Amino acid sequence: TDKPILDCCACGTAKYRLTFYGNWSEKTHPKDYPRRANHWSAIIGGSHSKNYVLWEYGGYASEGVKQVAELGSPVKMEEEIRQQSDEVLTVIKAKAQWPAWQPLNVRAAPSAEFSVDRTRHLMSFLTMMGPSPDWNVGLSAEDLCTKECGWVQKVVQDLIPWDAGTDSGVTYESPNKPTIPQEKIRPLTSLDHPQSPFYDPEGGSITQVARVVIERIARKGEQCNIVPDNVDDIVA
């Protein structure tokens, strides 16, 4: 058996800003909106290698993912991430948001910086939509390395909630109801359950609840991109 070939051919390191924009408010998602309790939990994630999976669709929630989903607590997730030692480059953290939605002139969108290198060229994170039985948003294994042996300049992604598979409640404020055995992580849909706040008998996509912006802010070290990248962001 040979070691698998390297998937990322970019050189040196790159630094990114992750900014998280909530779009989940009583105005955009009126049905049973939790007017008093609504929040986003702290953001937790990391830049990492292919050898570590924080969460993935069709995967089972780790203990740390479960505690984010149910408690809004990033503490066990952060322990799990740090236990991966060299498979993780940067630990990503940003603060909780109470209430969940404000205009940008009122409150800055939470952000964090992270680094990538040839081996830790992926990024994952999650945050809990609260209150909820077990509903998060996030990205899993977003790749910052390009085929051209460079580093992506900007990624913009709109998000819908996903279900961590650990609690069977049907709406934001449902009583605790352990899902046993735990089920696979899956996205929410507009036909999950008639009491779901996202239910629409006509089906169709769920209105996005957040947008994430990932922007490159620096590169370091000799570069080996096969197309020009003359952005003046290489630090000496």
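In case it trips you up, residue 1 is the first one in the sequence shown, and so on.
Novice: Mean CA B-factor: is it higher for 154 to 162 or for 79 to 87?
Specialist: For C-alpha atoms only, the mean B-factor is higher in 79 to 87.
Novice: Given the B-factors recorded for C-alpha atoms, which segment has the greater mean, 171 to 179 or 194 to 202?
Specialist: If you average the C-alpha B-factors of 194 to 202 and of 171 to 179, the larger mean comes out for 171 to 179.
Novice: Just the C-alpha B-factor column, please: which of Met128, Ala100, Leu139, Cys145 has the biggest number?
Specialist: In the PDB entry, the greatest C-alpha B-factor among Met128, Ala100, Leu139, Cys145 is found at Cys145.
Novice: Among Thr189, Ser41, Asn51, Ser47, which carries the highest Cα B-factor?
Specialist: Most elevated C-alpha B-factor of the set, per the entry: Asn51.
Novice: Grab the CA temperature factor for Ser111 from the record and place it in the lowest, middle or highest third of its chain.
Specialist: For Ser111, whose C-alpha B-factor we compare with every modelled residue in the chain, the answer is the middle third.
Novice: Is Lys15 in the lowest, middle or highest third of its chain when residues are ranked by C-alpha B-factor?
Specialist: Middle third by C-alpha B-factor.
Novice: Name the third of the chain's ranked CA B-factors that contains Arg219, choosing lowest, middle or highest.
Specialist: Middle third, going by the recorded CA B-factors of the chain.
Novice: Comparing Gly58 with the other modelled residues of its chain, is its CA B-factor in the lowest, middle or highest third?
Specialist: Lowest third.
Novice: For the chain shown, is the CA B-factor of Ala37 in the lowest, middle or highest third of its modelled residues?
Specialist: CA B-factor rank for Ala37: highest third.
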